[PDB]
Amino acid sequence: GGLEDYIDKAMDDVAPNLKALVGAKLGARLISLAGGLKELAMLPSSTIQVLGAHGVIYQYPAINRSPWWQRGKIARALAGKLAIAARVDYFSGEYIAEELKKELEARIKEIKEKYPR
């Protein structure tokens, strides 16, 4: 039983939607940065977008593998999904996660870019 295994398991109990969305380590980092599941669940999302600091969600693959200029938009979309994720985890306890689907889909929208003028 390593540190990481503990947290992976804990996220299974505390916040499985988050965990599904961004993974247990990023999920757990955001909860800590928030101060807890509840506090995370109360945050606007613009606030979520900056929790790490670009806050830690920029480390998100789709953002990082992406042009500056597409990133802030991808951040916003992610933070939103995160805000919903934490809310369902706190208040409802249900399992949505395939708003990854909603989410992918937006990313693909946003990929309407070449470098702004």
# chains A, B, ... in the order shown; residues from 1 in each chain; ligands from 1
>>> select_by_dssp(residues="chain A", states="alpha helix (DSSP H)", output="VMD selection string")
chain A and resid 3 to 14 16 to 22 24 to 34 37 to 41 46 to 49 61 to 64 71 to 87 100 to 110
>>> write_last_selection(atoms="C-alpha atoms", output="PDB file, in the first residue's frame")
ATOM      1  CA  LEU A   3       0.754   6.789  -0.807  1.00  0.00           C
ATOM      2  CA  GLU A   4      -0.695   7.038  -4.295  1.00  0.00           C
ATOM      3  CA  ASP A   5      -2.722   3.823  -3.931  1.00  0.00           C
ATOM      4  CA  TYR A   6      -4.305   5.280  -0.801  1.00  0.00           C
ATOM      5  CA  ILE A   7      -5.335   8.418  -2.598  1.00  0.00           C
ATOM      6  CA  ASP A   8      -6.552   6.573  -5.648  1.00  0.00           C
ATOM      7  CA  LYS A   9      -8.752   4.518  -3.350  1.00  0.00           C
ATOM      8  CA  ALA A  10      -9.835   7.590  -1.323  1.00  0.00           C
ATOM      9  CA  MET A  11     -10.943   9.399  -4.475  1.00  0.00           C
ATOM     10  CA  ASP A  12     -13.132   6.378  -5.153  1.00  0.00           C
ATOM     11  CA  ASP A  13     -14.920   7.332  -1.925  1.00  0.00           C
ATOM     12  CA  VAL A  14     -14.645  11.095  -1.884  1.00  0.00           C
ATOM     13  CA  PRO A  16     -15.349   9.557  -8.282  1.00  0.00           C
ATOM     14  CA  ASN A  17     -16.546  12.014 -10.913  1.00  0.00           C
ATOM     15  CA  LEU A  18     -13.552  14.252 -10.449  1.00  0.00           C
ATOM     16  CA  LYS A  19     -11.338  11.227 -10.434  1.00  0.00           C
ATOM     17  CA  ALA A  20     -12.920  10.110 -13.692  1.00  0.00           C
ATOM     18  CA  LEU A  21     -12.626  13.539 -15.274  1.00  0.00           C
ATOM     19  CA  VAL A  22      -8.984  14.472 -14.599  1.00  0.00           C
ATOM     20  CA  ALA A  24      -7.111  10.856  -9.004  1.00  0.00           C
ATOM     21  CA  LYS A  25      -3.932  12.899  -8.530  1.00  0.00           C
ATOM     22  CA  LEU A  26      -5.114  16.061 -10.252  1.00  0.00           C
ATOM     23  CA  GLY A  27      -8.606  15.473  -8.701  1.00  0.00           C
ATOM     24  CA  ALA A  28      -7.072  15.166  -5.268  1.00  0.00           C
ATOM     25  CA  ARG A  29      -4.829  18.167  -5.809  1.00  0.00           C
ATOM     26  CA  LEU A  30      -7.822  20.366  -6.669  1.00  0.00           C
ATOM     27  CA  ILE A  31      -9.705  19.195  -3.606  1.00  0.00           C
ATOM     28  CA  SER A  32      -6.721  20.052  -1.392  1.00  0.00           C
ATOM     29  CA  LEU A  33      -6.217  23.382  -3.120  1.00  0.00           C
ATOM     30  CA  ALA A  34      -9.948  24.007  -2.587  1.00  0.00           C
ATOM     31  CA  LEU A  37     -14.828  18.598  -1.380  1.00  0.00           C
ATOM     32  CA  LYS A  38     -17.383  21.039  -0.001  1.00  0.00           C
ATOM     33  CA  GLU A  39     -15.262  24.126  -0.633  1.00  0.00           C
ATOM     34  CA  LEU A  40     -14.429  22.917  -4.136  1.00  0.00           C
ATOM     35  CA  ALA A  41     -18.146  22.345  -4.693  1.00  0.00           C
ATOM     36  CA  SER A  46     -13.234  30.837 -12.951  1.00  0.00           C
ATOM     37  CA  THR A  47     -11.799  30.222  -9.506  1.00  0.00           C
ATOM     38  CA  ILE A  48     -11.395  26.559 -10.295  1.00  0.00           C
ATOM     39  CA  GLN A  49      -9.571  27.615 -13.495  1.00  0.00           C
ATOM     40  CA  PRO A  61      -3.249  16.811 -21.534  1.00  0.00           C
ATOM     41  CA  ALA A  62      -5.746  18.338 -23.961  1.00  0.00           C
ATOM     42  CA  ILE A  63      -4.723  21.784 -22.780  1.00  0.00           C
ATOM     43  CA  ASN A  64      -1.012  21.112 -22.811  1.00  0.00           C
ATOM     44  CA  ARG A  71      -5.709  26.791 -23.967  1.00  0.00           C
ATOM     45  CA  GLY A  72      -7.627  29.362 -21.920  1.00  0.00           C
ATOM     46  CA  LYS A  73     -10.797  28.320 -23.703  1.00  0.00           C
ATOM     47  CA  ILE A  74     -10.064  24.671 -23.052  1.00  0.00           C
ATOM     48  CA  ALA A  75      -9.310  25.572 -19.452  1.00  0.00           C
ATOM     49  CA  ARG A  76     -12.721  27.263 -19.095  1.00  0.00           C
ATOM     50  CA  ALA A  77     -14.572  24.261 -20.503  1.00  0.00           C
ATOM     51  CA  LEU A  78     -12.621  21.950 -18.193  1.00  0.00           C
ATOM     52  CA  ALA A  79     -13.134  24.045 -15.124  1.00  0.00           C
ATOM     53  CA  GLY A  80     -16.891  24.026 -15.832  1.00  0.00           C
ATOM     54  CA  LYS A  81     -16.958  20.254 -16.108  1.00  0.00           C
ATOM     55  CA  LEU A  82     -14.963  20.165 -12.887  1.00  0.00           C
ATOM     56  CA  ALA A  83     -17.445  22.407 -11.104  1.00  0.00           C
ATOM     57  CA  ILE A  84     -20.285  20.085 -12.078  1.00  0.00           C
ATOM     58  CA  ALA A  85     -18.185  17.015 -11.271  1.00  0.00           C
ATOM     59  CA  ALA A  86     -17.498  18.111  -7.714  1.00  0.00           C
ATOM     60  CA  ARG A  87     -21.089  19.153  -7.179  1.00  0.00           C
ATOM     61  CA  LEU A 100     -16.124  13.693 -20.621  1.00  0.00           C
ATOM     62  CA  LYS A 101     -18.222  13.191 -23.752  1.00  0.00           C
ATOM     63  CA  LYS A 102     -19.792  16.618 -23.519  1.00  0.00           C
ATOM     64  CA  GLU A 103     -16.306  17.825 -22.810  1.00  0.00           C
ATOM     65  CA  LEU A 104     -14.319  16.157 -25.562  1.00  0.00           C
ATOM     66  CA  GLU A 105     -16.955  17.454 -27.941  1.00  0.00           C
ATOM     67  CA  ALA A 106     -16.443  21.071 -26.908  1.00  0.00           C
ATOM     68  CA  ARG A 107     -12.688  20.727 -27.218  1.00  0.00           C
ATOM     69  CA  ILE A 108     -13.240  19.625 -30.804  1.00  0.00           C
ATOM     70  CA  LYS A 109     -15.463  22.640 -31.320  1.00  0.00           C
ATOM     71  CA  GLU A 110     -12.835  25.003 -29.866  1.00  0.00           C
TER      72      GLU A 110
END
>>> closest_residue(among="A:1, A:96, A:68, A:90", to="residue 113 (chain A)", atoms="only C-alpha atoms")
A:68
>>> closest_residue(among="A:50, A:55, A:66, A:35", to="residue 114 (chain A)", atoms="only C-alpha atoms")
A:66
>>> closest_residue(among="A:69, A:2, A:23, A:45", to="residue 117 (chain A)", atoms="only C-alpha atoms")
A:69
>>> atom_distance(atom1="CA of residue 58 (chain A)", atom2="CA of residue 70 (chain A)")
11.4 Å
>>> decode(residues="region 27-45 of chain A", atoms="N, CA, C and O atoms", output="PDB file, in the first residue's frame")
ATOM      1  N   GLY A  27      -7.391  15.397  -9.512  1.00  0.00           N
ATOM      2  CA  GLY A  27      -8.606  15.473  -8.701  1.00  0.00           C
ATOM      3  C   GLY A  27      -8.342  15.742  -7.220  1.00  0.00           C
ATOM      4  O   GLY A  27      -8.964  16.592  -6.586  1.00  0.00           O
ATOM      5  N   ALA A  28      -7.364  15.039  -6.671  1.00  0.00           N
ATOM      6  CA  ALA A  28      -7.072  15.166  -5.268  1.00  0.00           C
ATOM      7  C   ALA A  28      -6.343  16.461  -5.009  1.00  0.00           C
ATOM      8  O   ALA A  28      -6.492  17.056  -3.954  1.00  0.00           O
ATOM      9  N   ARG A  29      -5.568  16.922  -5.982  1.00  0.00           N
ATOM     10  CA  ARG A  29      -4.829  18.167  -5.809  1.00  0.00           C
ATOM     11  C   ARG A  29      -5.802  19.341  -5.744  1.00  0.00           C
ATOM     12  O   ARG A  29      -5.633  20.260  -4.942  1.00  0.00           O
ATOM     13  N   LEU A  30      -6.820  19.298  -6.601  1.00  0.00           N
ATOM     14  CA  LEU A  30      -7.822  20.366  -6.669  1.00  0.00           C
ATOM     15  C   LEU A  30      -8.641  20.412  -5.394  1.00  0.00           C
ATOM     16  O   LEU A  30      -8.995  21.504  -4.910  1.00  0.00           O
ATOM     17  N   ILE A  31      -8.938  19.227  -4.845  1.00  0.00           N
ATOM     18  CA  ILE A  31      -9.705  19.195  -3.606  1.00  0.00           C
ATOM     19  C   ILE A  31      -8.880  19.839  -2.502  1.00  0.00           C
ATOM     20  O   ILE A  31      -9.395  20.695  -1.775  1.00  0.00           O
ATOM     21  N   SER A  32      -7.606  19.451  -2.394  1.00  0.00           N
ATOM     22  CA  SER A  32      -6.721  20.052  -1.392  1.00  0.00           C
ATOM     23  C   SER A  32      -6.624  21.542  -1.600  1.00  0.00           C
ATOM     24  O   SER A  32      -6.819  22.308  -0.665  1.00  0.00           O
ATOM     25  N   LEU A  33      -6.294  21.957  -2.820  1.00  0.00           N
ATOM     26  CA  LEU A  33      -6.217  23.382  -3.120  1.00  0.00           C
ATOM     27  C   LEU A  33      -7.521  24.082  -2.738  1.00  0.00           C
ATOM     28  O   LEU A  33      -7.502  25.204  -2.240  1.00  0.00           O
ATOM     29  N   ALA A  34      -8.657  23.423  -2.961  1.00  0.00           N
ATOM     30  CA  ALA A  34      -9.948  24.007  -2.587  1.00  0.00           C
ATOM     31  C   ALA A  34     -10.100  24.090  -1.072  1.00  0.00           C
ATOM     32  O   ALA A  34     -10.744  25.004  -0.556  1.00  0.00           O
ATOM     33  N   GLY A  35      -9.494  23.142  -0.363  1.00  0.00           N
ATOM     34  CA  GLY A  35      -9.667  23.044   1.074  1.00  0.00           C
ATOM     35  C   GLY A  35     -10.570  21.872   1.451  1.00  0.00           C
ATOM     36  O   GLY A  35     -10.562  21.400   2.582  1.00  0.00           O
ATOM     37  N   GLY A  36     -11.362  21.396   0.503  1.00  0.00           N
ATOM     38  CA  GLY A  36     -12.110  20.177   0.716  1.00  0.00           C
ATOM     39  C   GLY A  36     -13.126  19.983  -0.382  1.00  0.00           C
ATOM     40  O   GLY A  36     -13.331  20.885  -1.199  1.00  0.00           O
ATOM     41  N   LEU A  37     -13.763  18.816  -0.412  1.00  0.00           N
ATOM     42  CA  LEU A  37     -14.828  18.598  -1.380  1.00  0.00           C
ATOM     43  C   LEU A  37     -15.890  19.699  -1.329  1.00  0.00           C
ATOM     44  O   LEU A  37     -16.283  20.236  -2.359  1.00  0.00           O
ATOM     45  N   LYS A  38     -16.348  20.031  -0.126  1.00  0.00           N
ATOM     46  CA  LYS A  38     -17.383  21.039  -0.001  1.00  0.00           C
ATOM     47  C   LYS A  38     -16.885  22.352  -0.589  1.00  0.00           C
ATOM     48  O   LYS A  38     -17.565  22.944  -1.436  1.00  0.00           O
ATOM     49  N   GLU A  39     -15.709  22.811  -0.162  1.00  0.00           N
ATOM     50  CA  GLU A  39     -15.262  24.126  -0.633  1.00  0.00           C
ATOM     51  C   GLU A  39     -15.097  24.139  -2.146  1.00  0.00           C
ATOM     52  O   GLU A  39     -15.481  25.101  -2.805  1.00  0.00           O
ATOM     53  N   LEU A  40     -14.581  23.047  -2.692  1.00  0.00           N
ATOM     54  CA  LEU A  40     -14.429  22.917  -4.136  1.00  0.00           C
ATOM     55  C   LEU A  40     -15.805  23.040  -4.795  1.00  0.00           C
ATOM     56  O   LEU A  40     -15.972  23.707  -5.835  1.00  0.00           O
ATOM     57  N   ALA A  41     -16.783  22.369  -4.189  1.00  0.00           N
ATOM     58  CA  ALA A  41     -18.146  22.345  -4.693  1.00  0.00           C
ATOM     59  C   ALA A  41     -18.824  23.724  -4.657  1.00  0.00           C
ATOM     60  O   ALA A  41     -19.742  23.980  -5.428  1.00  0.00           O
ATOM     61  N   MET A  42     -18.359  24.612  -3.780  1.00  0.00           N
ATOM     62  CA  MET A  42     -18.846  25.997  -3.722  1.00  0.00           C
ATOM     63  C   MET A  42     -18.121  26.992  -4.645  1.00  0.00           C
ATOM     64  O   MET A  42     -18.446  28.174  -4.638  1.00  0.00           O
ATOM     65  N   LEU A  43     -17.115  26.562  -5.398  1.00  0.00           N
ATOM     66  CA  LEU A  43     -16.321  27.536  -6.153  1.00  0.00           C
ATOM     67  C   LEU A  43     -16.910  27.816  -7.528  1.00  0.00           C
ATOM     68  O   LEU A  43     -17.329  26.884  -8.226  1.00  0.00           O
ATOM     69  N   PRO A  44     -16.920  29.098  -7.925  1.00  0.00           N
ATOM     70  CA  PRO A  44     -17.477  29.549  -9.201  1.00  0.00           C
ATOM     71  C   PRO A  44     -17.001  28.663 -10.344  1.00  0.00           C
ATOM     72  O   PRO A  44     -17.845  28.021 -10.963  1.00  0.00           O
ATOM     73  N   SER A  45     -15.692  28.605 -10.585  1.00  0.00           N
ATOM     74  CA  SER A  45     -15.132  27.841 -11.697  1.00  0.00           C
ATOM     75  C   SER A  45     -14.044  28.639 -12.410  1.00  0.00           C
ATOM     76  O   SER A  45     -13.011  28.104 -12.778  1.00  0.00           O
TER      77      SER A  45
END
